[PDB]
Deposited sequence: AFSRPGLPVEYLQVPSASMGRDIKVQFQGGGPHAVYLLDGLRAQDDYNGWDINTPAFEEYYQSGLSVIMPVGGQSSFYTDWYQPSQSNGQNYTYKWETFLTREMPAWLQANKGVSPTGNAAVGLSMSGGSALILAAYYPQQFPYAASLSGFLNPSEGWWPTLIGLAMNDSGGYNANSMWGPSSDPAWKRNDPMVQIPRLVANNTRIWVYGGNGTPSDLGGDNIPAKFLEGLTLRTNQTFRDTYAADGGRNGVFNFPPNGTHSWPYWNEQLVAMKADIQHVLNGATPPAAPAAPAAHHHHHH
């Protein structure tokens, strides 16, 4: 398999970002990582056969490497405690710096692509489509945080980020009253997704991959149901909602969904 590892300079983050890449078409699937993203390889390549599954699909595959607990967003400041000596600017990287580099050097189109995320980056994918519809007419969220600004979620996200590399949610989007929380909330941005006619693919699993597991499961179930209902209520007509009883929040089932959506992405992006 013709998989490459690239070093893509980020002016905004003052460092080179590693990117795993497989070509095969002008349009690409951006495969975003989970909460515990490592600096050597993207979680999709560590845990799944994603590259082989999309080989000769007519689509390129882009796996950015790094950004533990980053939510693939532009942060207010360096994270307080874990000694981060720069500010995460991953929205700037994914929407400006990386597509410019791939276009200039490889001919990958900056427009007409898919953003696919899981866990932490499920919401990221929807937000990227909400604000950059020309770049991402297609977005998939697999076990994402669909309402991060509401209820228990700012606290739970803060706890998760701290457990994953000691990152500080306050440095990212401020206190939960800060406008950045609603700005980056897929539920709140459903009207953008509808206006843009974004093709969205939303998966939620069940079960358990402190606070009792059943309580957390109840929160996840309710928020997922609210997102689906609100999308329909707001005029949404271009979504796929997959909530199978036996689905889990795990790489094997996230891969099952990535395979299931391949025909969907091919038809939407390549006709």
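According to the record, C-alpha coordinates are lacking for deposited residues 1 to 6, 216 to 221, 284 to 301.
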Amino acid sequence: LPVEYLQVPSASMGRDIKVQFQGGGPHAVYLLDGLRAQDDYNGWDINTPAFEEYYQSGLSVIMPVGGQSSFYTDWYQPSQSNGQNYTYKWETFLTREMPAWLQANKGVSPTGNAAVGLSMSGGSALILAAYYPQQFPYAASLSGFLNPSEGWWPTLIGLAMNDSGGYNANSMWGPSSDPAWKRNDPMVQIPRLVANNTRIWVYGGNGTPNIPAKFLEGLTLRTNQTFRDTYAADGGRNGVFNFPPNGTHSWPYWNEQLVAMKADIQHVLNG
From here on, numbers count along this sequence of modelled residues.
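Relative to its counterpart among 122 to 130 and 104 to 112, 104 to 112 has the higher mean temperature factor, C-alpha atoms as listed in the PDB entry. Averaged over Cα atoms, the B-factor as recorded in the entry is higher for 230 to 238 than for the other of 230 to 238 and 27 to 35.
Within the listed group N184, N82, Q135, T92, the record reports its top CA B-factor for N82. Across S143, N147, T73, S177, the greatest Cα temperature factor reported in the deposited entry is at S177.
Per-chain ranking of the deposited C-alpha B factor places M63 in the lowest third. In the deposited entry, the Cα temperature factor of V188 sits in the middle third of values across the chain's modelled residues. When the modelled residues of the chain are ordered by their C-alpha B factor, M98 lands in the lowest third. Per the deposited record, the Cα B-factor of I46 falls in the middle third when ranked against the other modelled residues of its chain.
For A139, the recorded CA temperature factor ranks within the lowest third of the chain's modelled residues.
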